[PDB]
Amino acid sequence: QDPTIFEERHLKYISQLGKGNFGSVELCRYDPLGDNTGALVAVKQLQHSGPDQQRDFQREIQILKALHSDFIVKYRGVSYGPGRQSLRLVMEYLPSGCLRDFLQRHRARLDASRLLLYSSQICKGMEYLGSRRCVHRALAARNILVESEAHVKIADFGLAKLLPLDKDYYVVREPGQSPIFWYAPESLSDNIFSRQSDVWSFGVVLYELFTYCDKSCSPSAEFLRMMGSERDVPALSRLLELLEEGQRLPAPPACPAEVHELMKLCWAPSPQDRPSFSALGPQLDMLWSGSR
C-alpha cells in the first residue's frame, strides 16, 4: 500500500517544533522496525479542536499534498487511528529550523546577496501558491524553513485557503489571533484575504530579511517607536490609522534602494495597485543574479 499512510503505532514522539492555539508540530521518528533507526518526520496534530478546526485541518492536508515546489515544505503522508482528533499530517523535517532564527544566529556572515536569494525563493514559492489559487495568510520568517544555507521553503499552511473559482478574494468571520504587523489593512479592517493581501505580507518578510530579524527593529518595535508618548491606544486601532496616513516601515540599512522600492509597492493601500508575485519575482531574480 501507498507510502503516504504512516501507521500511528510506529510514530515515536521526540520534541515540539511549533505550537498554536489549536495544534502542534512535533518531531517524530517513523520507526516501523522498532529499533530507533527510522526516518525523522514532522507531524502536525490538533489540540482543543472543534469541528471547525478539524475541517480546516482536512483542508490544510489536501492543499499541502497537492503542492510540488522546491520552495514549499514537502507533504509525506497522514496517520490516523481509533477515535477522534487522531488525524495527523506527516511532513518532511528540516533540522536547520526557521529562517527567523537562522538570520538572528548568522547575521554577521549573511550578505545582501544571500538575503536576495531567500527573497527570490520565497517569491517563487508564493508564485506557485498563486497559480493554485491558494492564499497562505501566515507568510512570515518564523514560518519559512531552512533546507540549507542557500535554500528556503515555505511552511505553516494552518491558515491557507483556496480561492473560489469565480472570485479572487475570500472573507472570514472575525477570527482567532492574527500577526497584525504582517497583515494587509483590508484584512485587518474587513477580513478580506487574497493573493494581494499575501503580497503585503511578503513586503513585511522582505523587511524581516533585510533587518536580519533583529528584535530592536522588528515591526512591533518600530510601531512602538512610531507611537508618540501615547501608550494606551489599542495597537490595531492605531496601526490602521498610521497605515491610512501612509506611514510605513523604514528602509533597513542593508536594504538596497531597489528592494525598498519593492516593499513600498507591496504596501500599496489598494490591493489592485500591489504587484503580483509574478512581477516581483523577476525583479528580485535580477537583483539576486546581479549581486552573485
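Note that residue numbering begins at 1 and tracks the sequence as displayed. In this text, rigid core is short for the largest set of C-alphas that superpose within 1.5 Å between two forms.
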Q: Could you tell me which of the two stretches, 270 to 278 or 11 to 19, has its Cα atoms lying farther from the shown structure in 4 other deposited structures of this protein after fitting on the rigid core?
A: 11 to 19
Q. Which of the two stretches, 115 to 123 or 91 to 99, moves more in 4 other deposited structures of this protein when the core is held fixed, judged by C-alpha RMS distance?
A. 91 to 99
(Q) I'd like to know whether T211, which is modelled here, goes unmodelled in a third or more of the other compared entries that cover its flanking residues. (A) no
Q.
Across the other PDB entries of this protein that model residues on both sides of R107, is it left without coordinates in at least a third of them?
A. no
Q. Averaging C-alpha B-factors over each stretch, which comes out higher, 206 to 214 or 161 to 169?
A. 161 to 169
Q) Between 260 to 268 and 227 to 235, which has the larger average Cα B-factor in the PDB entry? A) 227 to 235
Q: Would you check the entry's CA temperature factor for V135 and let me know if it's in the chain's lowest, middle or highest third?
A: lowest
Q | Position of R59 among the chain's modelled residues by C-alpha B-factor, lowest, middle or highest third | A | middle
Q | Ranked C-alpha temperature factor of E92 among modelled chain residues, by third | A | lowest
Q: Relative to the other modelled residues of the same chain, rank the CA B-factor of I122 and answer lowest, middle or highest third.
A: lowest
Q.
How does the C-alpha B factor of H68 compare with the rest of the chain: lowest, middle or highest third?
A. middle
